[PDB]
Amino acid sequence: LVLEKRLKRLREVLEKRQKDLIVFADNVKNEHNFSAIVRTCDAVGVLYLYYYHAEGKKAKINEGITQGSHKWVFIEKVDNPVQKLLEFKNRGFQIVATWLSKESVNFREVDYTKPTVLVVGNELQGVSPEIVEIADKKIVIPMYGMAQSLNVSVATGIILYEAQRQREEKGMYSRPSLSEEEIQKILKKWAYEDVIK
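Quick note on the deposited numbering: the sequence shown kicks off at 6 and runs consecutively.
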């Protein structure tokens, strides 16, 4: 019966998932920050998290820091960021990238309620120059101190919660963006993958 409870809870979670709000982690340095980002994705309703990492990208999530959240977000390793992002762009997704530059706009000026792929990272200016070249929006978070930037996980949460606020205002968490077919498919899949190993 206990397992029924988790699936019940999984269903409620899937009914609030934003199949439309995608996150792309561009070369996030340490696993502690990566795990925190996974937790944050889960918190705002992000269902898909893609990532690109040094030497292949064999990312090891910390269960003690993810609290098991790594289980209800699809995490997919990508070998070519621009190629993957172009796939979303051609599908109508706006590519929003954190780019540390005076030419970038305040992150609150973006409309996160439309299909969006938020790209964050630990390259010199946030995302790589290769990625920013294809972005629709280049964003920064206002700073008033000596630090030029914020910890990548903290910045990701700040931006994603602005997205949460906007979507909440439009009632996008009040109705499922995933269809019942998709919800049932995921329930079955994860209930299966959770056991098998």
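Note that CB positions come from ideal geometry on N, CA and C, so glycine has one too.
Judged by DSSP secondary structure, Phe-39 falls outside any beta strand (DSSP E) and instead within the alpha helix (DSSP H) spanning 36-49. Judged by DSSP secondary structure, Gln-88 falls within the alpha helix (DSSP H) whose first and last residues are 86-95. A distance below 7 Å separates the beta carbons of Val-157 and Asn-38. For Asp-141, the closest C-alpha among the options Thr-45, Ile-100, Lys-10 is that of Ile-100. Secondary structure of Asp-25 (DSSP, three-state): strand. Taken atom to atom, the span from the alpha-carbon of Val-18 to that of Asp-25 is near 15 Å. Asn-32 sits close to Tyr-57, with the two beta carbons spaced by under 7 Å. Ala-168 has its alpha-carbon roughly 16 Å from the corresponding atom of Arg-180. In the DSSP assignment, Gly-162 falls outside any beta strand (DSSP E) and lies within the alpha helix (DSSP H) extending over 157-174. Between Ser-182 and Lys-143, the C-beta spacing is not below 7 Å. Under the three-pair Cβ rule at 8 Å, the segment 106-120 does not count as touching the segment 64-74.
Annotated three-state conformation of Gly-131 is strand, per DSSP.
Nearest in C-alpha terms to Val-28, of all of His-75, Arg-11, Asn-111, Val-125, is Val-125.
A direct Cα-to-Cα measurement between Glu-186 and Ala-41 gives close to 30 Å.
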